[PDB]
Amino acid sequence: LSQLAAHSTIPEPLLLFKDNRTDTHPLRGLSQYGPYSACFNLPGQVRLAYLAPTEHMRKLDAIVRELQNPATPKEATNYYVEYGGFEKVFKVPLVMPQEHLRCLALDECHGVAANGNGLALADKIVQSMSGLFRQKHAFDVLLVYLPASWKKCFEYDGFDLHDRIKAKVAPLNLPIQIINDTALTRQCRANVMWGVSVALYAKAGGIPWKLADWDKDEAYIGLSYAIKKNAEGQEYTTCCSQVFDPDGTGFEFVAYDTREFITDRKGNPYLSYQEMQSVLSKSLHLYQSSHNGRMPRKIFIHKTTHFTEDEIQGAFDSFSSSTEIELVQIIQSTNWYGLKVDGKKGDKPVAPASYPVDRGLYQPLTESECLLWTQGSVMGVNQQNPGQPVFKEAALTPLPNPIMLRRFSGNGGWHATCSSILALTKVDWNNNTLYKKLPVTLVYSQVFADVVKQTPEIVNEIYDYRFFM
Amino acid sequence: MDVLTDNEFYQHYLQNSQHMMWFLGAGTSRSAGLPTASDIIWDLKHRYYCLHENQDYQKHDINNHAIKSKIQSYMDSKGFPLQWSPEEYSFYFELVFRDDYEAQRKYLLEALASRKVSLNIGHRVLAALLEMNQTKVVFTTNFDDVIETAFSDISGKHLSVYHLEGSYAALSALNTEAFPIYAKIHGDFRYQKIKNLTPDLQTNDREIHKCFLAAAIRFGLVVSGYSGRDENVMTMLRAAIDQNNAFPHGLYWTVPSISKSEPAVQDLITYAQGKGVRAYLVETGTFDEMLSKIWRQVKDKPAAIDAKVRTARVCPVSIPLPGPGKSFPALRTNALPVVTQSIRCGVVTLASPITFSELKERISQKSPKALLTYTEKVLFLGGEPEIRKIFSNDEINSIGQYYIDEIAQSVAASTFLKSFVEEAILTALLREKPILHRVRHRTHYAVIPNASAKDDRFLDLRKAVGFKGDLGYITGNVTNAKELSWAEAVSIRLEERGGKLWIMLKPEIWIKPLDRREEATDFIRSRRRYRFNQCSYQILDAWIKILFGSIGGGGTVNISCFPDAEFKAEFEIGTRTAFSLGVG
Ligand SMILES: NC(=O)c1ccc[n+]([C@@H]2O[C@H](COP(=O)([O-])OP(=O)(O)OC[C@H]3O[C@@H](n4cnc5c(N)ncnc54)[C@H](O)[C@@H]3O)[C@@H](O)[C@H]2O)c1
């Protein structure tokens, strides 16, 4: 026999908006209700700044003007809702910059970009950026436009021009937003409009939405590493960490550089007992500072690679003895895929379904492994024809691919872990779609480690999330 | 100036661990659950700021490090007390609450009642260091029992406390050299009226003050987790500095971050250096980090103490247990179970050892009809004439068979053996069939032959690959290429999951040259665009019934690899693909 136990489905998580209203569709909830309001937080006047050649300043001004005017999906997009302008939705004015905040680079970067150069272009951008630091206290978010001629040398197998510019800009606490040629092109205004407006508000300091299930007391920590080469040819590892509340947020990191680490035959590093203990102790210190001395009762630790015997003991020696610690490993690629076979009713016997598996289905396999989907059919979010499921990924892959979760600790219960991962999937503010394939902790920690890796020196500081990402 | 690395403040401590006394604070109890004074003060400040409900609530939204600085600057604008000052606590309390002693009591009974106080690594390490006589004198300003509980748990006995009651005993015990002492010191003129302290208790406080002075006359201070909020403690420290030959082995002030230090501690360190005392402002991270790095190099560790300090071995308690389900909406996988935990293999011993690369190149040059393994000893599943025929050399000793038991764990551990088993299974599978065999990237496929792409054996595959019930094409050539012949294929992999062996199938299409894959990928995308659930079900069923004999019987088909040989392999792969249904 080949009966693979029993599966279960997690109901689609709900989001929280202004005046305590809930909806599963982020864009629709923003349209009808507006962003989450907590005190003032001072995104009361989102002031922008420009950094682009004056020959390309007109298009940036045009897109900024378009940000304050309504736009329409223009077709049966099946997901996107009509954009009502920045005054609508966000309930906050957007201020165009004046002449005083129009810094630019004159002519040095064109020939360099035509030659495919790296660090020097970033340093010249940094010098103009310092010219703007002479006036920092005039705006909240900064807009940077890099033309296709500079896109020519955007990256080469590693180093990325925008990534390194952001790496050199972040440690001095000022946010930036990269606008590339795709946003001006692609002739689908509504799709672009929702993707940039939310990011601007998030980087200004606001909170677009928030998970509606926040009463539980837990925390989620995501770890990622990046191999960097410092001076005098020595290998170093930048283990970045980030802690979340059951309602997303998570505004701070712990960036830590280490030397004591083994490496398997794939380049994946493994921290020793002391390094893992130090990283987790600093993470707990960060969490306690931002929550007025509160300690979580349960802690989830998500990592892409497995946990060594030393790393498990290192984790248990960082928190108190009355805190339940549960370690989960998430694997992106799996050899399994699933098909839905419904039917019966009265008409006909069983037959394959017209649409793929549900998003929230999870299937336990063994004593330590489970198959969570986080990708597939989702109902109740259709805008073209209501009452029909939308796969939302029929263009890339005709069938969804599950992900595998392995647990190296924890008492019991697949439901809590799968629900937490599914809920954390929906709270990424840089994407305009419903969900992502991976929980936000892993992707955030990975991109932040990638940004930190490009620093020349050894960093052991605590950063903010607006200035990165 | 007067800054040392953490490494520098780990060799000095290792030598002089016996001549050191500790001055703790509220930061050495923050990791145990109890909030410090800074947390309470910040809570009061952001409540007053109208950042949240300014009457009674919790769950602040954003604290950050920019919002905190904005709030502190806004407070300082009106003329509020400077940061890190003793006046700040009571001033902010009175400002926020404005009398209403009942509301004060509700706030303190809501912020510190349901706080599960629990031990951390640093407290256990300090208790252990108090047990084995390495550290003698410990001073603190806390109103908790973390260290006492740690000592009780680690040792089993009770700690000797010399607070306000029995204060005169501290100096007597120090002179008589009663080593484990844990003396507490009160705050700034406000805890006295909290407990209605008589002037005799004030005389007691200066009693522990003389205790500190005389202890410094003979020890070194490693004060950690302190911010300088009190001025009585700072005055006592200054008086201790003023004593001749104060702290002979040096005074260390450990902070989690130098860039976030306090001006008062900098002033104290500068004064101590000016008077001629070995004072340094070291940065050793958190308290747990410092105490664990100290405990690493502690020598002559008793076995019981070491076992009690660090966490025991974490058992594999990660054992959730599922059960069968009963509901109609089901899920069909792509895995076929394999039930045969026993194979018979042949072996041969070589007088001269050979490497994997040499065996592979010899096979490539002298291709037999046999399979070989390469980890350290060659195991084969071929024929006796062939094994004599391959590399010959007459270095053979014995051909005694080697039974393979519980192949699951061996496949899970090794990698070459898993590939060998997969190759044997596929060779048994494709025997006596017209389907091809390709080994691209160790991901064995099964390509439909173009020569015979008209048999009724593939009629179902053509039917299930067409549109709207019409027959399709399972073999052809790419549109803009005359040398890019394509054919429907399936990839067969072997996977191990918790003691069971599965065979994973995946529909795919195959390209003949294998070196021109760009337009091949474009063609793959264009072909696979419209292959949804209903089409994938039919394609999988067609491939399964093409490969594994026939279905409908619902049993376990049997395949044999080289059936007419002394060393064959038999498998019992099931026909039905694993499914699941449940909830209910
Ligand atoms: N646990 C208690 O009994 C308690 C709690 C709060 C206040 N108080 C009272 O407040 C008064 C002043 O206390 P204070 O001087 O400690 O003020 P404080 O609370 O501001 O001291 C905090 C200092 O310790 C550091 N710190 C915080 N967490 C740390 C960690 N995990 N590791 C290492 N260092 C860390 C902080 O950076 C800061 O410098 C005392 O009279 C004391 O009785 C006592």
# chains A, B, ... in the order shown; residues from 1 in each chain; ligands from 1
>>> residues_around(residues="residue 223 of chain A", least_positions_apart="6", cutoff="7 Å", atoms="only C-alpha atoms", output="PyMOL selection string")
chain A and resi 239-241+302-303+442+445
>>> write_last_selection(atoms="N, CA and C atoms", output="PDB file, in the first residue's frame")
ATOM      1  N   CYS A 239      27.369  36.664   8.970  1.00  0.00           N
ATOM      2  CA  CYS A 239      26.124  36.034   9.393  1.00  0.00           C
ATOM      3  C   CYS A 239      25.153  37.115   9.847  1.00  0.00           C
ATOM      4  N   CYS A 240      24.153  37.402   9.018  1.00  0.00           N
ATOM      5  CA  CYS A 240      23.139  38.385   9.350  1.00  0.00           C
ATOM      6  C   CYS A 240      21.926  37.696   9.972  1.00  0.00           C
ATOM      7  N   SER A 241      21.271  38.393  10.896  1.00  0.00           N
ATOM      8  CA  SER A 241      20.127  37.840  11.605  1.00  0.00           C
ATOM      9  C   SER A 241      19.058  38.918  11.702  1.00  0.00           C
ATOM     10  N   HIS A 302      14.753  29.891  11.433  1.00  0.00           N
ATOM     11  CA  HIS A 302      14.691  29.392  10.068  1.00  0.00           C
ATOM     12  C   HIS A 302      16.053  29.515   9.403  1.00  0.00           C
ATOM     13  N   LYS A 303      16.519  28.417   8.814  1.00  0.00           N
ATOM     14  CA  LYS A 303      17.791  28.393   8.110  1.00  0.00           C
ATOM     15  C   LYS A 303      17.650  27.560   6.846  1.00  0.00           C
ATOM     16  N   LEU A 442      13.826  34.498   5.463  1.00  0.00           N
ATOM     17  CA  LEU A 442      14.960  33.999   4.691  1.00  0.00           C
ATOM     18  C   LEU A 442      15.364  34.972   3.592  1.00  0.00           C
ATOM     19  N   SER A 445      16.887  38.233   5.165  1.00  0.00           N
ATOM     20  CA  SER A 445      18.224  38.009   5.698  1.00  0.00           C
ATOM     21  C   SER A 445      19.228  37.771   4.579  1.00  0.00           C
TER      22      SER A 445
END
>>> residues_around(residues="residue 114 of chain A", least_positions_apart="2", cutoff="10 Å", atoms="only C-alpha atoms", output="list in words")
residues 109, 110, 111, 112, 116, 117, 149, 150, 151, 152 and 153 of chain A
>>> closest_atom_pairs(of="chain B", to="ligand 1", cutoff="6 Å", atoms="only C-alpha atoms and all ligand atoms", output="JSON lines")
{"residue": "B:25", "atom": "CA", "partner": "ligand 1", "partner_atom_place_in_ligand_line": "16 (O)", "distance": 4.6}
{"residue": "B:26", "atom": "CA", "partner": "ligand 1", "partner_atom_place_in_ligand_line": "16 (O)", "distance": 3.8}
{"residue": "B:27", "atom": "CA", "partner": "ligand 1", "partner_atom_place_in_ligand_line": "24 (O)", "distance": 3.7}
{"residue": "B:28", "atom": "CA", "partner": "ligand 1", "partner_atom_place_in_ligand_line": "32 (N)", "distance": 5.7}
{"residue": "B:29", "atom": "CA", "partner": "ligand 1", "partner_atom_place_in_ligand_line": "1 (N)", "distance": 5.6}
{"residue": "B:30", "atom": "CA", "partner": "ligand 1", "partner_atom_place_in_ligand_line": "28 (N)", "distance": 5.6}
{"residue": "B:31", "atom": "CA", "partner": "ligand 1", "partner_atom_place_in_ligand_line": "31 (N)", "distance": 5.5}
{"residue": "B:34", "atom": "CA", "partner": "ligand 1", "partner_atom_place_in_ligand_line": "1 (N)", "distance": 5.9}
{"residue": "B:35", "atom": "CA", "partner": "ligand 1", "partner_atom_place_in_ligand_line": "5 (C)", "distance": 6.0}
{"residue": "B:36", "atom": "CA", "partner": "ligand 1", "partner_atom_place_in_ligand_line": "6 (C)", "distance": 3.7}
{"residue": "B:37", "atom": "CA", "partner": "ligand 1", "partner_atom_place_in_ligand_line": "6 (C)", "distance": 3.8}
{"residue": "B:38", "atom": "CA", "partner": "ligand 1", "partner_atom_place_in_ligand_line": "20 (O)", "distance": 4.4}
{"residue": "B:141", "atom": "CA", "partner": "ligand 1", "partner_atom_place_in_ligand_line": "43 (O)", "distance": 4.8}
{"residue": "B:142", "atom": "CA", "partner": "ligand 1", "partner_atom_place_in_ligand_line": "3 (O)", "distance": 3.6}
{"residue": "B:143", "atom": "CA", "partner": "ligand 1", "partner_atom_place_in_ligand_line": "3 (O)", "distance": 3.7}
{"residue": "B:144", "atom": "CA", "partner": "ligand 1", "partner_atom_place_in_ligand_line": "3 (O)", "distance": 4.9}
{"residue": "B:186", "atom": "CA", "partner": "ligand 1", "partner_atom_place_in_ligand_line": "41 (O)", "distance": 5.9}
{"residue": "B:187", "atom": "CA", "partner": "ligand 1", "partner_atom_place_in_ligand_line": "41 (O)", "distance": 4.0}
{"residue": "B:225", "atom": "CA", "partner": "ligand 1", "partner_atom_place_in_ligand_line": "24 (O)", "distance": 3.9}
{"residue": "B:226", "atom": "CA", "partner": "ligand 1", "partner_atom_place_in_ligand_line": "16 (O)", "distance": 4.5}
{"residue": "B:227", "atom": "CA", "partner": "ligand 1", "partner_atom_place_in_ligand_line": "39 (O)", "distance": 4.1}
{"residue": "B:228", "atom": "CA", "partner": "ligand 1", "partner_atom_place_in_ligand_line": "15 (O)", "distance": 5.2}
{"residue": "B:229", "atom": "CA", "partner": "ligand 1", "partner_atom_place_in_ligand_line": "15 (O)", "distance": 4.8}
{"residue": "B:256", "atom": "CA", "partner": "ligand 1", "partner_atom_place_in_ligand_line": "34 (N)", "distance": 5.6}
{"residue": "B:286", "atom": "CA", "partner": "ligand 1", "partner_atom_place_in_ligand_line": "32 (N)", "distance": 3.7}
{"residue": "B:287", "atom": "CA", "partner": "ligand 1", "partner_atom_place_in_ligand_line": "32 (N)", "distance": 3.9}
>>> closest_atom_pairs(of="chain A", to="chain B", cutoff="6 Å", atoms="only C-alpha atoms", output="JSON lines")
{"residue": "A:2", "atom": "CA", "partner": "B:578", "partner_atom": "CA", "distance": 4.6}
{"residue": "A:3", "atom": "CA", "partner": "B:579", "partner_atom": "CA", "distance": 5.6}
{"residue": "A:4", "atom": "CA", "partner": "B:580", "partner_atom": "CA", "distance": 5.0}
{"residue": "A:5", "atom": "CA", "partner": "B:324", "partner_atom": "CA", "distance": 4.5}
{"residue": "A:6", "atom": "CA", "partner": "B:582", "partner_atom": "CA", "distance": 4.5}
{"residue": "A:7", "atom": "CA", "partner": "B:582", "partner_atom": "CA", "distance": 5.3}
{"residue": "A:8", "atom": "CA", "partner": "B:583", "partner_atom": "CA", "distance": 5.3}
{"residue": "A:39", "atom": "CA", "partner": "B:51", "partner_atom": "CA", "distance": 5.3}
{"residue": "A:278", "atom": "CA", "partner": "B:289", "partner_atom": "CA", "distance": 5.9}
{"residue": "A:290", "atom": "CA", "partner": "B:63", "partner_atom": "CA", "distance": 5.5}
{"residue": "A:292", "atom": "CA", "partner": "B:39", "partner_atom": "CA", "distance": 4.7}
{"residue": "A:293", "atom": "CA", "partner": "B:35", "partner_atom": "CA", "distance": 4.6}
{"residue": "A:317", "atom": "CA", "partner": "B:121", "partner_atom": "CA", "distance": 6.0}
{"residue": "A:320", "atom": "CA", "partner": "B:120", "partner_atom": "CA", "distance": 4.7}
{"residue": "A:337", "atom": "CA", "partner": "B:333", "partner_atom": "CA", "distance": 5.9}
{"residue": "A:338", "atom": "CA", "partner": "B:333", "partner_atom": "CA", "distance": 4.8}
{"residue": "A:339", "atom": "CA", "partner": "B:332", "partner_atom": "CA", "distance": 5.1}
{"residue": "A:340", "atom": "CA", "partner": "B:331", "partner_atom": "CA", "distance": 5.0}
{"residue": "A:341", "atom": "CA", "partner": "B:330", "partner_atom": "CA", "distance": 5.5}
{"residue": "A:342", "atom": "CA", "partner": "B:329", "partner_atom": "CA", "distance": 5.0}
{"residue": "A:352", "atom": "CA", "partner": "B:534", "partner_atom": "CA", "distance": 5.1}
{"residue": "A:356", "atom": "CA", "partner": "B:533", "partner_atom": "CA", "distance": 5.8}
{"residue": "A:367", "atom": "CA", "partner": "B:319", "partner_atom": "CA", "distance": 4.9}
{"residue": "A:398", "atom": "CA", "partner": "B:532", "partner_atom": "CA", "distance": 5.4}
{"residue": "A:409", "atom": "CA", "partner": "B:318", "partner_atom": "CA", "distance": 5.2}
{"residue": "A:410", "atom": "CA", "partner": "B:318", "partner_atom": "CA", "distance": 5.6}
{"residue": "A:412", "atom": "CA", "partner": "B:320", "partner_atom": "CA", "distance": 5.5}
>>> write_last_selection(atoms="C-alpha atoms", output="CSV table (one decimal), in the first residue's frame")
chain,number,residue,atom,x,y,z
A,2,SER,CA,1.0,3.6,-0.6
A,3,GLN,CA,-1.3,5.7,1.5
A,4,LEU,CA,0.8,8.8,2.5
A,5,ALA,CA,-0.9,9.6,5.8
A,6,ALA,CA,-3.3,12.5,5.7
A,7,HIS,CA,-2.9,16.1,4.5
A,8,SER,CA,-4.3,19.4,6.0
A,39,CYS,CA,0.4,57.1,16.2
A,278,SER,CA,27.1,35.1,20.1
A,290,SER,CA,13.0,47.2,20.9
A,292,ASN,CA,11.0,47.1,26.5
A,293,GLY,CA,12.5,44.0,28.1
A,317,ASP,CA,22.5,28.2,25.4
A,320,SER,CA,16.6,31.1,28.9
A,337,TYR,CA,4.9,17.5,-7.0
A,338,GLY,CA,1.2,17.1,-6.4
A,339,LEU,CA,-2.1,17.0,-8.4
A,340,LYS,CA,-5.6,17.4,-7.2
A,341,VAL,CA,-8.2,14.8,-8.0
A,342,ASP,CA,-11.8,15.7,-7.0
A,352,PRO,CA,-8.3,15.4,-12.1
A,356,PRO,CA,-3.8,23.0,-9.1
A,367,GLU,CA,9.0,11.8,11.6
A,398,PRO,CA,2.0,25.2,-15.1
A,409,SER,CA,14.1,20.5,17.6
A,410,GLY,CA,10.7,21.3,18.9
A,412,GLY,CA,5.3,18.8,18.3
>>> atom_distance(atom1="atom CA of residue 154 of chain B", atom2="atom CA of residue 184 of chain B")
20.8 Å
>>> select_by_dssp(residues="segment 269-464 of chain A", states="alpha helix (DSSP H)", output="VMD selection string")
chain A and resid 273 to 290 309 to 316 414 to 425 440 to 453
>>> write_last_selection(atoms="C-alpha atoms", output="compact mmCIF listing (two decimals), in the first residue's frame")
# COMPACT_ATOMS: atom_id res chain seq x y z
CA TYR A 273 29.22 26.79 19.00
CA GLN A 274 30.59 30.13 20.20
CA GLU A 275 29.78 32.02 16.99
CA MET A 276 26.18 30.79 16.91
CA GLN A 277 25.78 31.53 20.62
CA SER A 278 27.10 35.07 20.12
CA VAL A 279 24.86 35.72 17.11
CA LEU A 280 21.73 34.50 18.89
CA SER A 281 22.59 36.37 22.10
CA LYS A 282 22.97 39.58 20.10
CA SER A 283 19.65 38.85 18.39
CA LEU A 284 17.96 38.45 21.78
CA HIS A 285 19.62 41.66 23.00
CA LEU A 286 18.22 43.46 19.96
CA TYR A 287 14.73 42.06 20.47
CA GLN A 288 14.69 43.01 24.16
CA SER A 289 15.77 46.59 23.45
CA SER A 290 12.98 47.24 20.93
CA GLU A 309 25.33 19.30 16.37
CA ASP A 310 27.28 22.33 17.60
CA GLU A 311 24.81 24.87 16.23
CA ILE A 312 21.86 23.20 17.96
CA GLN A 313 23.63 23.33 21.32
CA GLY A 314 24.69 26.90 20.60
CA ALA A 315 21.06 27.92 20.10
CA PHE A 316 19.88 26.34 23.36
CA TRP A 414 3.16 20.77 12.23
CA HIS A 415 0.17 23.13 12.23
CA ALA A 416 1.88 25.96 14.12
CA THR A 417 5.05 25.87 12.00
CA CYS A 418 3.19 25.68 8.69
CA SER A 419 0.77 28.45 9.70
CA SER A 420 3.63 30.70 10.79
CA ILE A 421 5.50 30.15 7.52
CA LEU A 422 2.38 30.76 5.42
CA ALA A 423 1.56 33.95 7.34
CA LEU A 424 5.14 35.23 7.09
CA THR A 425 5.03 34.60 3.34
CA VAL A 440 10.07 36.78 4.40
CA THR A 441 12.74 36.02 7.03
CA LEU A 442 14.96 34.00 4.69
CA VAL A 443 14.73 36.36 1.71
CA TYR A 444 15.23 39.47 3.85
CA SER A 445 18.22 38.01 5.70
CA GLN A 446 19.73 36.78 2.42
CA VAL A 447 19.48 40.14 0.64
CA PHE A 448 20.77 42.01 3.70
CA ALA A 449 23.74 39.65 4.03
CA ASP A 450 24.43 40.13 0.32
CA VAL A 451 24.39 43.91 0.81
CA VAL A 452 26.61 43.76 3.91
CA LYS A 453 29.14 41.46 2.21
>>> residues_around(residues="residue 175 of chain A", least_positions_apart="5", cutoff="12 Å", atoms="only C-alpha atoms", output="PyMOL selection string")
chain A and resi 48-49+129+133+136+139-144+165-170+199-205+464-469
>>> closest_residue(among="B:541, B:99, B:470, B:131", to="residue 151 of chain B", atoms="only C-alpha atoms")
B:131
>>> atom_distance(atom1="atom CA of residue 119 of chain A", atom2="atom CA of residue 51 of chain A")
18.3 Å
>>> atom_distance(atom1="atom CA of residue 304 of chain A", atom2="atom CA of residue 491 of chain B")
26.2 Å
>>> closest_residue(among="B:242, B:153, B:522, B:110", to="residue 126 of chain B", atoms="only C-alpha atoms")
B:153
>>> residues_around(residues="residue 122 of chain A", least_positions_apart="2", cutoff="7 Å", atoms="only C-alpha atoms", output="compact mmCIF listing (two decimals) with N, CA and C atoms, in the first residue's frame")
# COMPACT_ATOMS: atom_id res chain seq x y z
N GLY A 118 33.43 49.17 -12.28
CA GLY A 118 32.75 48.80 -11.05
C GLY A 118 32.78 49.83 -9.94
N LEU A 119 33.72 49.64 -9.00
CA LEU A 119 33.70 50.38 -7.74
C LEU A 119 33.78 51.89 -7.94
N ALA A 120 34.53 52.34 -8.95
CA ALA A 120 34.74 53.78 -9.12
C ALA A 120 33.44 54.52 -9.40
N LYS A 124 31.92 57.58 -7.14
CA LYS A 124 31.50 58.88 -7.64
C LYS A 124 30.04 59.16 -7.29
N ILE A 125 29.19 58.14 -7.38
CA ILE A 125 27.82 58.27 -6.91
C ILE A 125 27.80 58.63 -5.43
N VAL A 126 28.72 58.05 -4.66
CA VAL A 126 28.81 58.35 -3.23
C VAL A 126 29.25 59.79 -3.00
N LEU A 161 25.80 46.99 -9.25
CA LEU A 161 26.01 48.43 -9.11
C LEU A 161 25.03 49.03 -8.10
N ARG A 164 25.83 47.62 -4.57
CA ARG A 164 27.00 48.21 -3.92
C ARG A 164 26.77 49.67 -3.57
N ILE A 165 26.02 50.40 -4.40
CA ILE A 165 25.65 51.77 -4.05
C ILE A 165 24.82 51.78 -2.77
>>> select_by_dssp(residues="segment 228-384 of chain A", states="strand (DSSP E)", output="short mmCIF file (atom, residue, chain, number, x, y, z; two decimals) with C-alpha atoms, in the first residue's frame")
data_model
loop_
_atom_site.label_atom_id
_atom_site.label_comp_id
_atom_site.auth_asym_id
_atom_site.auth_seq_id
_atom_site.Cartn_x
_atom_site.Cartn_y
_atom_site.Cartn_z
CA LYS A 228 33.41 37.78 1.46
CA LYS A 229 37.11 38.35 0.81
CA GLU A 235 38.02 34.24 4.19
CA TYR A 236 35.27 35.80 6.32
CA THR A 237 31.59 35.05 6.90
CA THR A 238 28.92 37.72 7.43
CA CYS A 239 26.12 36.03 9.39
CA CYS A 240 23.14 38.38 9.35
CA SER A 241 20.13 37.84 11.60
CA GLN A 242 16.67 39.38 11.81
CA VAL A 243 13.85 38.96 14.33
CA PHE A 244 10.12 39.25 13.64
CA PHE A 253 19.27 43.32 12.19
CA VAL A 254 22.41 41.94 13.76
CA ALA A 255 25.33 41.99 11.32
CA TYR A 256 28.29 39.95 12.52
CA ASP A 257 31.55 38.94 10.84
CA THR A 258 33.24 35.70 11.87
CA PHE A 261 33.57 28.40 10.59
CA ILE A 262 33.81 25.06 8.79
CA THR A 263 32.68 24.66 5.17
CA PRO A 269 29.49 27.79 5.94
CA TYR A 270 28.67 26.40 9.37
CA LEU A 271 29.20 28.47 12.50
CA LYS A 298 8.49 30.51 21.77
CA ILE A 299 11.20 31.14 19.19
CA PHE A 300 11.33 29.95 15.58
CA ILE A 301 14.72 29.78 13.85
CA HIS A 302 14.69 29.39 10.07
CA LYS A 303 17.79 28.39 8.11
CA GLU A 324 10.72 26.67 23.79
CA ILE A 325 13.19 26.79 20.89
CA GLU A 326 12.27 25.13 17.59
CA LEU A 327 14.68 24.99 14.64
CA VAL A 328 13.41 24.53 11.07
CA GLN A 329 15.31 23.97 7.83
CA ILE A 330 13.60 25.02 4.59
CA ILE A 331 14.62 23.51 1.24
CA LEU A 339 -2.07 16.96 -8.41
CA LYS A 340 -5.64 17.44 -7.20
CA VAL A 341 -8.23 14.77 -8.01
CA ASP A 342 -11.79 15.67 -6.96
CA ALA A 351 -11.26 12.98 -12.16
CA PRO A 352 -8.34 15.44 -12.15
CA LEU A 361 -2.10 22.33 1.82
CA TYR A 362 0.66 20.63 3.79
CA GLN A 363 1.49 16.92 3.76
CA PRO A 364 3.54 15.23 6.52
CA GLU A 369 9.93 16.12 7.17
CA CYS A 370 6.81 17.75 5.74
CA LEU A 371 5.69 19.14 2.39
CA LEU A 372 4.29 22.68 2.56
#
>>> closest_residue(among="A:401, A:24, A:72, A:45", to="residue 379 of chain A", atoms="only C-alpha atoms")
A:24
>>> residues_around(residues="residue 17 of chain B", least_positions_apart="5", cutoff="9 Å", atoms="only C-alpha atoms", output="compact mmCIF listing (two decimals) with N, CA and C atoms, in the first residue's frame")
# COMPACT_ATOMS: atom_id res chain seq x y z
N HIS B 12 44.43 38.19 30.66
CA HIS B 12 44.64 38.79 31.97
C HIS B 12 43.73 38.17 33.01
N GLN B 134 36.96 30.32 42.72
CA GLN B 134 37.71 31.18 41.81
C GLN B 134 37.38 32.65 42.01
N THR B 135 36.09 32.99 42.11
CA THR B 135 35.64 34.34 42.43
C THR B 135 35.09 34.34 43.85
>>> residues_around(residues="segment 276-279 of chain B", least_positions_apart="4", cutoff="8 Å", atoms="only C-alpha atoms", output="PyMOL selection string")
chain B and resi 2+241+246-253+269+272
>>> write_last_selection(atoms="C-alpha atoms", output="PDB file, in the first residue's frame")
ATOM      1  CA  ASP B   2      42.353  53.027  27.629  1.00  0.00           C
ATOM      2  CA  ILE B 241      39.937  55.074  43.765  1.00  0.00           C
ATOM      3  CA  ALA B 246      43.495  50.834  44.789  1.00  0.00           C
ATOM      4  CA  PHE B 247      42.696  47.867  42.527  1.00  0.00           C
ATOM      5  CA  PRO B 248      46.268  46.584  42.041  1.00  0.00           C
ATOM      6  CA  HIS B 249      45.273  44.259  39.183  1.00  0.00           C
ATOM      7  CA  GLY B 250      43.197  46.879  37.377  1.00  0.00           C
ATOM      8  CA  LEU B 251      39.622  48.093  36.978  1.00  0.00           C
ATOM      9  CA  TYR B 252      37.644  46.892  33.960  1.00  0.00           C
ATOM     10  CA  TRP B 253      34.334  48.331  32.739  1.00  0.00           C
ATOM     11  CA  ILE B 269      37.556  56.025  33.682  1.00  0.00           C
ATOM     12  CA  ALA B 272      40.842  56.547  37.467  1.00  0.00           C
TER      13      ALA B 272
END
>>> closest_residue(among="A:59, A:336, A:12, A:102", to="residue 131 of chain A", atoms="only C-alpha atoms")
A:102
>>> closest_residue(among="B:258, B:96, B:45, B:271", to="residue 76 of chain B", atoms="only C-alpha atoms")
B:45
>>> residues_around(residues="segment 382-384 of chain A", least_positions_apart="6", cutoff="9 Å", atoms="only C-alpha atoms", output="MDAnalysis selection string")
chainID A and resid 76:81 390
>>> write_last_selection(atoms="C-alpha atoms", output="short mmCIF file (atom, residue, chain, number, x, y, z; two decimals), in the first residue's frame")
data_model
loop_
_atom_site.label_atom_id
_atom_site.label_comp_id
_atom_site.auth_asym_id
_atom_site.auth_seq_id
_atom_site.Cartn_x
_atom_site.Cartn_y
_atom_site.Cartn_z
CA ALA A 76 -8.50 41.85 -17.49
CA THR A 77 -5.47 41.54 -15.23
CA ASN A 78 -7.37 39.21 -12.84
CA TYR A 79 -5.37 40.47 -9.87
CA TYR A 80 -4.78 44.22 -9.89
CA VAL A 81 -7.18 46.87 -8.60
CA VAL A 390 -6.54 31.98 -9.57
#
